[PDB]
>>> print(open('target-v2.cif').read())   # mmCIF, N, CA and C atoms and all ligand atoms
data_run
loop_
_atom_site.label_atom_id
_atom_site.label_comp_id
_atom_site.auth_asym_id
_atom_site.auth_seq_id
_atom_site.Cartn_x
_atom_site.Cartn_y
_atom_site.Cartn_z
N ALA A 1 -3.21 -28.65 -3.42
CA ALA A 1 -2.84 -28.27 -2.01
C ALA A 1 -1.91 -27.05 -1.94
N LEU A 2 -2.48 -25.93 -1.49
CA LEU A 2 -1.77 -24.66 -1.46
C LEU A 2 -1.47 -24.25 -0.03
N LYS A 3 -0.36 -23.55 0.18
CA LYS A 3 -0.10 -22.94 1.47
C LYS A 3 -1.25 -22.02 1.85
N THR A 4 -1.78 -21.30 0.86
CA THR A 4 -2.90 -20.39 1.08
C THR A 4 -4.10 -21.07 1.76
N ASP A 5 -4.33 -22.35 1.46
CA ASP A 5 -5.42 -23.11 2.10
C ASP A 5 -5.31 -23.14 3.62
N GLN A 6 -4.08 -23.05 4.10
CA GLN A 6 -3.79 -23.15 5.52
C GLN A 6 -4.21 -21.92 6.31
N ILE A 7 -4.43 -20.81 5.60
CA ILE A 7 -4.68 -19.51 6.24
C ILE A 7 -6.10 -18.98 5.94
N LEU A 8 -6.85 -19.63 5.06
CA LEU A 8 -8.19 -19.13 4.71
C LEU A 8 -9.15 -18.99 5.90
N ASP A 9 -9.17 -19.96 6.81
CA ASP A 9 -10.02 -19.86 7.98
C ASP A 9 -9.75 -18.59 8.80
N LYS A 10 -8.48 -18.26 9.02
CA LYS A 10 -8.13 -17.09 9.82
C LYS A 10 -8.56 -15.80 9.12
N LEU A 11 -8.47 -15.77 7.79
CA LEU A 11 -8.91 -14.59 7.03
C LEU A 11 -10.44 -14.47 7.11
N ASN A 12 -11.15 -15.59 6.99
CA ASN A 12 -12.60 -15.57 7.14
C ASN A 12 -13.04 -15.10 8.50
N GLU A 13 -12.23 -15.43 9.50
CA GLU A 13 -12.44 -14.96 10.85
C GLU A 13 -12.39 -13.45 10.95
N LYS A 14 -11.35 -12.88 10.34
CA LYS A 14 -11.18 -11.44 10.40
C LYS A 14 -12.31 -10.74 9.63
N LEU A 15 -12.68 -11.27 8.46
CA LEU A 15 -13.85 -10.72 7.70
C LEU A 15 -15.17 -10.71 8.48
N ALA A 16 -15.42 -11.79 9.21
CA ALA A 16 -16.62 -11.90 10.03
C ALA A 16 -16.71 -10.84 11.11
N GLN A 17 -15.58 -10.26 11.51
CA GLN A 17 -15.57 -9.28 12.58
C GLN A 17 -15.68 -7.84 12.12
N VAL A 18 -15.68 -7.63 10.80
CA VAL A 18 -15.84 -6.29 10.23
C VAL A 18 -17.28 -5.83 10.43
N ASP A 19 -17.45 -4.61 10.94
CA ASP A 19 -18.77 -4.01 11.10
C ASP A 19 -19.43 -3.80 9.73
N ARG A 20 -20.64 -4.32 9.55
CA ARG A 20 -21.31 -4.30 8.25
C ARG A 20 -22.04 -3.01 7.88
N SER A 21 -22.31 -2.16 8.86
CA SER A 21 -23.16 -1.00 8.60
C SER A 21 -22.41 0.33 8.40
N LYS A 22 -21.09 0.31 8.52
CA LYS A 22 -20.30 1.50 8.22
C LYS A 22 -19.20 1.16 7.21
N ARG A 23 -19.60 0.96 5.95
CA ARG A 23 -18.70 0.46 4.90
C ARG A 23 -18.01 1.59 4.14
N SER A 24 -16.70 1.52 4.02
CA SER A 24 -15.99 2.53 3.24
C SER A 24 -15.02 1.95 2.18
N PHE A 25 -14.55 0.72 2.37
CA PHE A 25 -13.56 0.14 1.48
C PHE A 25 -14.20 -1.07 0.86
N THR A 26 -14.66 -0.94 -0.38
CA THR A 26 -15.56 -1.91 -0.96
C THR A 26 -15.06 -2.46 -2.32
N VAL A 27 -13.75 -2.45 -2.54
CA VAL A 27 -13.18 -2.92 -3.80
C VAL A 27 -13.38 -4.42 -4.03
N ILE A 28 -13.35 -4.80 -5.31
CA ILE A 28 -13.40 -6.20 -5.74
C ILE A 28 -12.01 -6.49 -6.34
N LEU A 29 -11.29 -7.44 -5.74
CA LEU A 29 -9.94 -7.78 -6.19
C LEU A 29 -9.86 -9.23 -6.63
N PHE A 30 -9.34 -9.47 -7.84
CA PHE A 30 -9.14 -10.85 -8.32
C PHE A 30 -7.71 -11.27 -7.95
N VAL A 31 -7.55 -12.48 -7.43
CA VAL A 31 -6.23 -12.95 -7.04
C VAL A 31 -5.94 -14.27 -7.78
N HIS A 32 -4.87 -14.30 -8.57
CA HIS A 32 -4.52 -15.50 -9.33
C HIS A 32 -3.26 -16.10 -8.73
N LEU A 33 -3.41 -17.25 -8.11
CA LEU A 33 -2.33 -17.86 -7.35
C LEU A 33 -1.49 -18.79 -8.21
N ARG A 34 -0.17 -18.59 -8.18
CA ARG A 34 0.76 -19.41 -8.98
C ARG A 34 1.46 -20.49 -8.16
N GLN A 35 1.70 -21.63 -8.80
CA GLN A 35 2.66 -22.63 -8.34
C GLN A 35 3.50 -23.03 -9.54
N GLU A 36 4.81 -22.97 -9.38
CA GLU A 36 5.75 -23.30 -10.45
C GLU A 36 5.47 -22.53 -11.74
N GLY A 37 5.07 -21.28 -11.59
CA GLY A 37 4.93 -20.40 -12.74
C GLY A 37 3.63 -20.44 -13.50
N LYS A 38 2.69 -21.28 -13.09
CA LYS A 38 1.37 -21.29 -13.72
C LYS A 38 0.27 -21.00 -12.71
N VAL A 39 -0.82 -20.40 -13.17
CA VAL A 39 -1.91 -20.11 -12.26
C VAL A 39 -2.59 -21.44 -11.91
N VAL A 40 -2.73 -21.74 -10.63
CA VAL A 40 -3.37 -23.00 -10.21
C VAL A 40 -4.66 -22.79 -9.44
N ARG A 41 -4.90 -21.58 -8.91
CA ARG A 41 -6.19 -21.27 -8.30
C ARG A 41 -6.49 -19.80 -8.42
N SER A 42 -7.75 -19.44 -8.64
CA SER A 42 -8.12 -18.03 -8.61
C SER A 42 -9.23 -17.79 -7.57
N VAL A 43 -9.12 -16.69 -6.80
CA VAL A 43 -10.12 -16.34 -5.81
C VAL A 43 -10.47 -14.86 -5.97
N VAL A 44 -11.67 -14.50 -5.52
CA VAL A 44 -12.05 -13.09 -5.46
C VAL A 44 -12.03 -12.67 -4.01
N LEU A 45 -11.38 -11.54 -3.74
CA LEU A 45 -11.54 -10.87 -2.45
C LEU A 45 -12.62 -9.82 -2.63
N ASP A 46 -13.81 -10.08 -2.08
CA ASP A 46 -14.95 -9.24 -2.33
C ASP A 46 -15.19 -8.40 -1.07
N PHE A 47 -14.72 -7.16 -1.06
CA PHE A 47 -14.91 -6.30 0.09
C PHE A 47 -16.27 -5.58 0.14
N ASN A 48 -17.06 -5.73 -0.91
CA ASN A 48 -18.44 -5.26 -0.84
C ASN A 48 -19.28 -6.19 0.06
N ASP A 49 -19.29 -7.48 -0.26
CA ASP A 49 -20.00 -8.49 0.53
C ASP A 49 -19.15 -9.10 1.65
N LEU A 50 -17.87 -8.76 1.67
CA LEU A 50 -16.95 -9.26 2.69
C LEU A 50 -16.85 -10.78 2.65
N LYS A 51 -16.35 -11.27 1.53
CA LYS A 51 -16.18 -12.70 1.39
C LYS A 51 -15.02 -13.00 0.45
N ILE A 52 -14.47 -14.18 0.59
CA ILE A 52 -13.45 -14.66 -0.30
C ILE A 52 -14.08 -15.88 -0.93
N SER A 53 -14.10 -15.94 -2.25
CA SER A 53 -14.63 -17.13 -2.88
C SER A 53 -13.81 -17.56 -4.10
N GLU A 54 -13.76 -18.86 -4.34
CA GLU A 54 -13.05 -19.39 -5.47
C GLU A 54 -13.80 -19.07 -6.76
N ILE A 55 -13.07 -18.74 -7.83
CA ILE A 55 -13.69 -18.52 -9.13
C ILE A 55 -13.05 -19.41 -10.16
N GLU A 56 -13.57 -19.37 -11.38
CA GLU A 56 -13.03 -20.18 -12.44
C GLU A 56 -11.55 -19.84 -12.60
N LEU A 57 -10.77 -20.85 -12.92
CA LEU A 57 -9.32 -20.72 -12.97
C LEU A 57 -8.80 -19.69 -13.97
N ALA A 58 -8.06 -18.71 -13.46
CA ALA A 58 -7.37 -17.75 -14.30
C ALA A 58 -8.25 -16.77 -15.06
N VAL A 59 -9.55 -16.69 -14.75
CA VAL A 59 -10.44 -15.88 -15.58
C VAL A 59 -10.36 -14.39 -15.30
N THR A 60 -10.65 -13.63 -16.33
CA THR A 60 -10.51 -12.18 -16.30
C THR A 60 -11.75 -11.49 -15.71
N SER A 61 -12.91 -12.14 -15.79
CA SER A 61 -14.17 -11.60 -15.29
C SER A 61 -15.15 -12.78 -15.29
N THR A 62 -16.27 -12.63 -14.59
CA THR A 62 -17.26 -13.69 -14.48
C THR A 62 -18.65 -13.05 -14.63
N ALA A 63 -19.70 -13.86 -14.62
CA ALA A 63 -21.05 -13.31 -14.73
C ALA A 63 -21.34 -12.43 -13.53
N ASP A 64 -20.90 -12.83 -12.34
CA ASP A 64 -21.13 -12.03 -11.12
C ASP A 64 -20.21 -10.81 -11.04
N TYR A 65 -19.00 -10.92 -11.58
CA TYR A 65 -18.07 -9.80 -11.52
C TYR A 65 -17.60 -9.48 -12.92
N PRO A 66 -18.40 -8.71 -13.68
CA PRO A 66 -17.93 -8.35 -15.03
C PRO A 66 -16.74 -7.39 -15.00
N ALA A 67 -16.08 -7.22 -16.15
CA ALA A 67 -14.84 -6.45 -16.21
C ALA A 67 -14.96 -5.09 -15.55
N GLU A 68 -16.05 -4.38 -15.82
CA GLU A 68 -16.17 -2.99 -15.34
C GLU A 68 -16.30 -2.90 -13.81
N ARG A 69 -16.56 -4.03 -13.19
CA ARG A 69 -16.76 -4.08 -11.75
C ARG A 69 -15.45 -4.42 -10.98
N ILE A 70 -14.48 -5.02 -11.65
CA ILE A 70 -13.25 -5.43 -10.97
C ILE A 70 -12.29 -4.26 -10.81
N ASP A 71 -11.87 -4.01 -9.57
CA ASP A 71 -11.01 -2.87 -9.29
C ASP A 71 -9.53 -3.12 -9.60
N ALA A 72 -9.05 -4.32 -9.31
CA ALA A 72 -7.64 -4.65 -9.56
C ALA A 72 -7.48 -6.16 -9.52
N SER A 73 -6.44 -6.66 -10.17
CA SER A 73 -6.17 -8.11 -10.21
C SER A 73 -4.69 -8.31 -9.92
N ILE A 74 -4.34 -9.37 -9.20
CA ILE A 74 -2.94 -9.64 -8.91
C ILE A 74 -2.62 -11.10 -9.24
N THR A 75 -1.48 -11.30 -9.90
CA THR A 75 -0.98 -12.66 -10.10
C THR A 75 0.19 -12.73 -9.15
N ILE A 76 0.19 -13.75 -8.29
CA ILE A 76 1.12 -13.82 -7.16
C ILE A 76 1.38 -15.29 -6.85
N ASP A 77 2.61 -15.65 -6.43
CA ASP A 77 2.87 -17.03 -6.06
C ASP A 77 2.08 -17.37 -4.81
N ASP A 78 1.59 -18.58 -4.75
CA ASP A 78 0.93 -19.11 -3.55
C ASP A 78 1.73 -18.78 -2.28
N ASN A 79 3.04 -19.02 -2.27
CA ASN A 79 3.82 -18.81 -1.03
C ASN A 79 3.88 -17.37 -0.63
N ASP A 80 3.94 -16.48 -1.62
CA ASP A 80 4.02 -15.05 -1.34
C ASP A 80 2.69 -14.52 -0.80
N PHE A 81 1.58 -15.03 -1.32
CA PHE A 81 0.28 -14.64 -0.82
C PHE A 81 0.13 -15.11 0.64
N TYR A 82 0.57 -16.33 0.92
CA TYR A 82 0.55 -16.82 2.30
C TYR A 82 1.40 -15.92 3.24
N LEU A 83 2.53 -15.42 2.76
CA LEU A 83 3.36 -14.54 3.58
C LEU A 83 2.70 -13.18 3.83
N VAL A 84 2.00 -12.65 2.84
CA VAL A 84 1.27 -11.40 3.08
C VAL A 84 0.12 -11.62 4.08
N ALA A 85 -0.61 -12.70 3.88
CA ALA A 85 -1.76 -13.07 4.73
C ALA A 85 -1.34 -13.37 6.18
N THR A 86 -0.10 -13.78 6.39
CA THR A 86 0.42 -14.02 7.75
C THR A 86 1.26 -12.85 8.28
N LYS A 87 1.21 -11.72 7.56
CA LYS A 87 1.85 -10.46 7.97
C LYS A 87 3.35 -10.55 8.08
N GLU A 88 3.91 -11.45 7.28
CA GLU A 88 5.35 -11.59 7.19
C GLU A 88 5.94 -10.73 6.06
N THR A 89 5.12 -10.30 5.10
CA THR A 89 5.56 -9.29 4.12
C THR A 89 4.35 -8.48 3.69
N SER A 90 4.52 -7.53 2.76
CA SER A 90 3.42 -6.69 2.33
C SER A 90 3.35 -6.70 0.81
N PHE A 91 2.21 -6.25 0.28
CA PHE A 91 2.06 -6.09 -1.17
C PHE A 91 3.10 -5.10 -1.68
N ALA A 92 3.29 -3.99 -0.97
CA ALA A 92 4.31 -2.98 -1.30
C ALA A 92 5.70 -3.57 -1.48
N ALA A 93 6.12 -4.43 -0.55
CA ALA A 93 7.43 -5.06 -0.65
C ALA A 93 7.53 -6.00 -1.84
N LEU A 94 6.46 -6.75 -2.10
CA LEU A 94 6.47 -7.69 -3.22
C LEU A 94 6.53 -6.91 -4.56
N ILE A 95 5.78 -5.82 -4.64
CA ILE A 95 5.92 -4.91 -5.80
C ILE A 95 7.34 -4.36 -5.96
N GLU A 96 7.94 -3.91 -4.87
CA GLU A 96 9.31 -3.40 -4.96
C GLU A 96 10.30 -4.44 -5.48
N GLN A 97 10.04 -5.71 -5.17
CA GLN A 97 10.90 -6.81 -5.56
C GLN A 97 10.56 -7.41 -6.93
N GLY A 98 9.51 -6.91 -7.58
CA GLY A 98 9.10 -7.45 -8.88
C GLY A 98 8.44 -8.81 -8.85
N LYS A 99 7.87 -9.19 -7.71
CA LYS A 99 7.41 -10.58 -7.54
C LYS A 99 5.97 -10.82 -7.96
N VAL A 100 5.24 -9.75 -8.22
CA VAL A 100 3.81 -9.85 -8.54
C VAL A 100 3.48 -9.06 -9.82
N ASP A 101 2.37 -9.41 -10.47
CA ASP A 101 1.84 -8.62 -11.57
C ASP A 101 0.49 -8.04 -11.13
N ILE A 102 0.29 -6.74 -11.29
CA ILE A 102 -0.98 -6.14 -10.88
C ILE A 102 -1.57 -5.40 -12.08
N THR A 103 -2.84 -5.62 -12.34
CA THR A 103 -3.52 -4.79 -13.34
C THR A 103 -4.66 -4.09 -12.63
N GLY A 104 -5.21 -3.06 -13.27
CA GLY A 104 -6.23 -2.26 -12.63
C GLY A 104 -5.60 -1.23 -11.68
N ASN A 105 -6.31 -0.94 -10.60
CA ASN A 105 -5.89 0.05 -9.64
C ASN A 105 -4.90 -0.51 -8.62
N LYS A 106 -3.61 -0.36 -8.90
CA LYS A 106 -2.55 -0.75 -7.98
C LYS A 106 -2.74 -0.21 -6.55
N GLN A 107 -3.27 1.02 -6.43
CA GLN A 107 -3.47 1.67 -5.11
C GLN A 107 -4.40 0.87 -4.18
N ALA A 108 -5.34 0.11 -4.76
CA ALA A 108 -6.21 -0.74 -3.96
C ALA A 108 -5.41 -1.77 -3.12
N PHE A 109 -4.36 -2.35 -3.70
CA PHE A 109 -3.54 -3.31 -2.94
C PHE A 109 -2.70 -2.60 -1.86
N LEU A 110 -2.18 -1.41 -2.17
CA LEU A 110 -1.40 -0.64 -1.19
C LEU A 110 -2.30 -0.19 -0.04
N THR A 111 -3.53 0.21 -0.36
CA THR A 111 -4.50 0.55 0.69
C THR A 111 -4.92 -0.69 1.53
N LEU A 112 -5.11 -1.83 0.87
CA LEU A 112 -5.35 -3.07 1.59
C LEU A 112 -4.21 -3.39 2.58
N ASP A 113 -2.94 -3.23 2.20
CA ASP A 113 -1.82 -3.37 3.16
C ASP A 113 -2.15 -2.59 4.44
N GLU A 114 -2.54 -1.33 4.28
CA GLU A 114 -2.71 -0.45 5.44
C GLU A 114 -3.91 -0.84 6.27
N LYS A 115 -5.01 -1.20 5.63
CA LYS A 115 -6.20 -1.62 6.40
C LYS A 115 -5.97 -2.96 7.12
N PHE A 116 -5.32 -3.89 6.45
CA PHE A 116 -5.14 -5.24 6.97
C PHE A 116 -4.22 -5.26 8.21
N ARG A 117 -3.26 -4.34 8.26
CA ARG A 117 -2.29 -4.40 9.35
C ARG A 117 -2.93 -4.20 10.72
N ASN A 118 -4.05 -3.51 10.76
CA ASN A 118 -4.78 -3.27 11.99
C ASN A 118 -5.85 -4.34 12.32
N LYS A 119 -5.94 -5.40 11.51
CA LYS A 119 -7.04 -6.39 11.64
C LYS A 119 -6.62 -7.81 12.04
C1 LIG B 201 -4.02 -9.59 2.58
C2 LIG B 201 -5.20 -10.54 2.51
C3 LIG B 201 -6.43 -9.86 3.09
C4 LIG B 201 -7.62 -10.77 2.96
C5 LIG B 201 -8.82 -10.23 3.73
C6 LIG B 201 -8.42 -9.78 5.12
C7 LIG B 201 -9.62 -9.71 6.03
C8 LIG B 201 -9.72 -8.32 6.64
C9 LIG B 201 -8.95 -7.35 5.76
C10 LIG B 201 -9.19 -5.92 6.19
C11 LIG B 201 -10.66 -5.62 6.06
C12 LIG B 201 -10.87 -4.19 5.60
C13 LIG B 201 -12.11 -3.64 6.28
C14 LIG B 201 -12.76 -2.51 5.51
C15 LIG B 201 -13.95 -1.99 6.31
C16 LIG B 201 -14.48 -0.76 5.62
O1 LIG B 201 -14.00 0.35 5.92
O2 LIG B 201 -15.37 -0.84 4.76
#
>>> encode(input="target-v2.cif", output="structure tokens", more="lines below")
Ligand SMILES: CCCCCCCCCCCCCCCC(=O)O
Amino acid sequence: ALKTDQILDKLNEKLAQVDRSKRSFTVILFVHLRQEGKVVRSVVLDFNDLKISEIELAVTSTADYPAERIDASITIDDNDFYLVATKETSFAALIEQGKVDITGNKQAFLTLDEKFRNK
């Protein structure tokens, strides 16, 4: 039971409203959610197909998303991800505070901050 579970419906709502025929931001982001310092759930934010889906726990790549296809990955506490998703903080602020680990293209998360704020 994650705080993040409480906000998934609202995020799916916002994804459903994105226009499908004029696509410009199509990154694949892996998100590894922590509770008490260990990864307890992993999800993919798939901006190509515009979906969020659960993946195998803590994995680096999958058959559908091989390594060369993943743009960036973030390890983040469940509570902090819920705060970003509810627009109470940003990825930029969490990076400034040392609260997250990001591999791959860090700029993808900073750009996501900017796109999400208008949605
Ligand atoms: C911070 C968590 C975000 C999770 C997903 C939020 C749902 C909408 C996010 C913004 C959608 C970006 C739209 C890009 C459209 C495009 O130009 O291709």
>>> residues_around(input="target-v2.cif", residues="residue 76 (chain A)", least_positions_apart="4", cutoff="6 Å", atoms="all atoms listed in the file", output="list in words")
residues 32, 33, 34, 80, 81, 99, 100 and 101 of chain A
>>> closest_atom_pairs(input="target-v2.cif", of="chain A", to="ligand LIG 201 (chain B)", cutoff="6 Å", atoms="only C-alpha atoms and all ligand atoms", output="tab-separated table")
residue	atom	partner	partner_atom	distance
A:11	CA	B:LIG201	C7	5.0
A:14	CA	B:LIG201	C7	5.0
A:15	CA	B:LIG201	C7	4.7
A:23	CA	B:LIG201	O2	3.6
A:24	CA	B:LIG201	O2	3.7
A:25	CA	B:LIG201	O2	3.9
A:26	CA	B:LIG201	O2	5.8
A:84	CA	B:LIG201	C1	5.6
A:85	CA	B:LIG201	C1	4.7
A:115	CA	B:LIG201	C10	5.2
A:116	CA	B:LIG201	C10	4.2
A:119	CA	B:LIG201	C10	5.9
>>> write_last_selection(input="target-v2.cif", atoms="N, CA and C atoms", output="mmCIF file, in the coordinates of the input")
data_model
loop_
_atom_site.group_PDB
_atom_site.id
_atom_site.type_symbol
_atom_site.label_atom_id
_atom_site.label_comp_id
_atom_site.auth_asym_id
_atom_site.auth_seq_id
_atom_site.Cartn_x
_atom_site.Cartn_y
_atom_site.Cartn_z
ATOM 1 N N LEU A 11 -8.470 -15.770 7.790
ATOM 2 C CA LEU A 11 -8.910 -14.590 7.030
ATOM 3 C C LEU A 11 -10.440 -14.470 7.110
ATOM 4 N N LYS A 14 -11.350 -12.880 10.340
ATOM 5 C CA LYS A 14 -11.180 -11.440 10.400
ATOM 6 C C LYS A 14 -12.310 -10.740 9.630
ATOM 7 N N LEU A 15 -12.680 -11.270 8.460
ATOM 8 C CA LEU A 15 -13.850 -10.720 7.700
ATOM 9 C C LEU A 15 -15.170 -10.710 8.480
ATOM 10 N N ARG A 23 -19.600 0.960 5.950
ATOM 11 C CA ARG A 23 -18.700 0.460 4.900
ATOM 12 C C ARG A 23 -18.010 1.590 4.140
ATOM 13 N N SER A 24 -16.700 1.520 4.020
ATOM 14 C CA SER A 24 -15.990 2.530 3.240
ATOM 15 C C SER A 24 -15.020 1.950 2.180
ATOM 16 N N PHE A 25 -14.550 0.720 2.370
ATOM 17 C CA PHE A 25 -13.560 0.140 1.480
ATOM 18 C C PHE A 25 -14.200 -1.070 0.860
ATOM 19 N N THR A 26 -14.660 -0.940 -0.380
ATOM 20 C CA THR A 26 -15.560 -1.910 -0.960
ATOM 21 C C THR A 26 -15.060 -2.460 -2.320
ATOM 22 N N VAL A 84 2.000 -12.650 2.840
ATOM 23 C CA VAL A 84 1.270 -11.400 3.080
ATOM 24 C C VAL A 84 0.120 -11.620 4.080
ATOM 25 N N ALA A 85 -0.610 -12.700 3.880
ATOM 26 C CA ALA A 85 -1.760 -13.070 4.730
ATOM 27 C C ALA A 85 -1.340 -13.370 6.180
ATOM 28 N N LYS A 115 -5.010 -1.200 5.630
ATOM 29 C CA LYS A 115 -6.200 -1.620 6.400
ATOM 30 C C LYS A 115 -5.970 -2.960 7.120
ATOM 31 N N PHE A 116 -5.320 -3.890 6.450
ATOM 32 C CA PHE A 116 -5.140 -5.240 6.970
ATOM 33 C C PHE A 116 -4.220 -5.260 8.210
ATOM 34 N N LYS A 119 -5.940 -5.400 11.510
ATOM 35 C CA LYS A 119 -7.040 -6.390 11.640
ATOM 36 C C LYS A 119 -6.620 -7.810 12.040
#
>>> atom_distance(input="target-v2.cif", atom1="CA of residue 41 (chain A)", atom2="CA of residue 107 (chain A)")
23.3 Å
>>> residues_around(input="target-v2.cif", residues="region 60-73 of chain A", least_positions_apart="4", cutoff="6.5 Å", atoms="only N, CA and C atoms", output="list in words")
residues 27, 28, 29, 30, 31, 32, 101, 102, 103, 104, 105 and 106 of chain A
>>> residues_around(input="target-v2.cif", residues="residue 79 (chain A)", least_positions_apart="5", cutoff="12 Å", atoms="only C-alpha atoms", output="VMD selection string")
chain A and resid 1 to 7 33 to 37 84 to 86 88 to 89 94 99 to 100
>>> atom_distance(input="target-v2.cif", atom1="CA of residue 93 (chain A)", atom2="CA of residue 75 (chain A)")
14.8 Å
>>> select_by_dssp(input="target-v2.cif", residues="chain A", states="alpha helix (DSSP H)", output="number ranges by chain")
A: 8-16, 78-85, 91-96, 106-117
>>> atom_distance(input="target-v2.cif", atom1="atom C of residue 47 (chain A)", atom2="atom C of residue 18 (chain A)")
10.3 Å
>>> closest_residue(input="target-v2.cif", among="A:48, A:21, A:42, A:53", to="residue 8 (chain A)", atoms="only C-alpha atoms")
A:53
>>> select_by_dssp(input="target-v2.cif", residues="region 9-77 of chain A", states="strand (DSSP E)", output="compact mmCIF listing (two decimals) with N, CA and C atoms, in the coordinates of the input")
# COMPACT_ATOMS: atom_id res chain seq x y z
N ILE A 28 -13.35 -4.80 -5.31
CA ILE A 28 -13.40 -6.20 -5.74
C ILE A 28 -12.01 -6.49 -6.34
N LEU A 29 -11.29 -7.44 -5.74
CA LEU A 29 -9.94 -7.78 -6.19
C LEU A 29 -9.86 -9.23 -6.63
N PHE A 30 -9.34 -9.47 -7.84
CA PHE A 30 -9.14 -10.85 -8.32
C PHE A 30 -7.71 -11.27 -7.95
N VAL A 31 -7.55 -12.48 -7.43
CA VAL A 31 -6.23 -12.95 -7.04
C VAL A 31 -5.94 -14.27 -7.78
N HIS A 32 -4.87 -14.30 -8.57
CA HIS A 32 -4.52 -15.50 -9.33
C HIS A 32 -3.26 -16.10 -8.73
N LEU A 33 -3.41 -17.25 -8.11
CA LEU A 33 -2.33 -17.86 -7.35
C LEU A 33 -1.49 -18.79 -8.21
N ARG A 34 -0.17 -18.59 -8.18
CA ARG A 34 0.76 -19.41 -8.98
C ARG A 34 1.46 -20.49 -8.16
N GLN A 35 1.70 -21.63 -8.80
CA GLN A 35 2.66 -22.63 -8.34
C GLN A 35 3.50 -23.03 -9.54
N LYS A 38 2.69 -21.28 -13.09
CA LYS A 38 1.37 -21.29 -13.72
C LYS A 38 0.27 -21.00 -12.71
N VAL A 39 -0.82 -20.40 -13.17
CA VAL A 39 -1.91 -20.11 -12.26
C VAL A 39 -2.59 -21.44 -11.91
N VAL A 40 -2.73 -21.74 -10.63
CA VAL A 40 -3.37 -23.00 -10.21
C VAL A 40 -4.66 -22.79 -9.44
N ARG A 41 -4.90 -21.58 -8.91
CA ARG A 41 -6.19 -21.27 -8.30
C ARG A 41 -6.49 -19.80 -8.42
N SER A 42 -7.75 -19.44 -8.64
CA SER A 42 -8.12 -18.03 -8.61
C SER A 42 -9.23 -17.79 -7.57
N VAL A 43 -9.12 -16.69 -6.80
CA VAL A 43 -10.12 -16.34 -5.81
C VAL A 43 -10.47 -14.86 -5.97
N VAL A 44 -11.67 -14.50 -5.52
CA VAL A 44 -12.05 -13.09 -5.46
C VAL A 44 -12.03 -12.67 -4.01
N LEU A 45 -11.38 -11.54 -3.74
CA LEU A 45 -11.54 -10.87 -2.45
C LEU A 45 -12.62 -9.82 -2.63
N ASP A 46 -13.81 -10.08 -2.08
CA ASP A 46 -14.95 -9.24 -2.33
C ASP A 46 -15.19 -8.40 -1.07
N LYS A 51 -16.35 -11.27 1.53
CA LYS A 51 -16.18 -12.70 1.39
C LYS A 51 -15.02 -13.00 0.45
N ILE A 52 -14.47 -14.18 0.59
CA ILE A 52 -13.45 -14.66 -0.30
C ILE A 52 -14.08 -15.88 -0.93
N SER A 53 -14.10 -15.94 -2.25
CA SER A 53 -14.63 -17.13 -2.88
C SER A 53 -13.81 -17.56 -4.10
N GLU A 54 -13.76 -18.86 -4.34
CA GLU A 54 -13.05 -19.39 -5.47
C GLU A 54 -13.80 -19.07 -6.76
N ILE A 55 -13.07 -18.74 -7.83
CA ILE A 55 -13.69 -18.52 -9.13
C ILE A 55 -13.05 -19.41 -10.16
N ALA A 72 -9.05 -4.32 -9.31
CA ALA A 72 -7.64 -4.65 -9.56
C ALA A 72 -7.48 -6.16 -9.52
N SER A 73 -6.44 -6.66 -10.17
CA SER A 73 -6.17 -8.11 -10.21
C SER A 73 -4.69 -8.31 -9.92
N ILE A 74 -4.34 -9.37 -9.20
CA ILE A 74 -2.94 -9.64 -8.91
C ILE A 74 -2.62 -11.10 -9.24
N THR A 75 -1.48 -11.30 -9.90
CA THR A 75 -0.98 -12.66 -10.10
C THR A 75 0.19 -12.73 -9.15
N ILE A 76 0.19 -13.75 -8.29
CA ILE A 76 1.12 -13.82 -7.16
C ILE A 76 1.38 -15.29 -6.85
N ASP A 77 2.61 -15.65 -6.43
CA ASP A 77 2.87 -17.03 -6.06
C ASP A 77 2.08 -17.37 -4.81
>>> axis_aligned_box(input="target-v2.cif", around="region 49-65 of chain A", padding_each_side="5 Å", output="JSON")
{"center_x": -14.4, "center_y": -14.2, "center_z": -6.8, "size_x": 24.0, "size_y": 23.4, "size_z": 29.0}
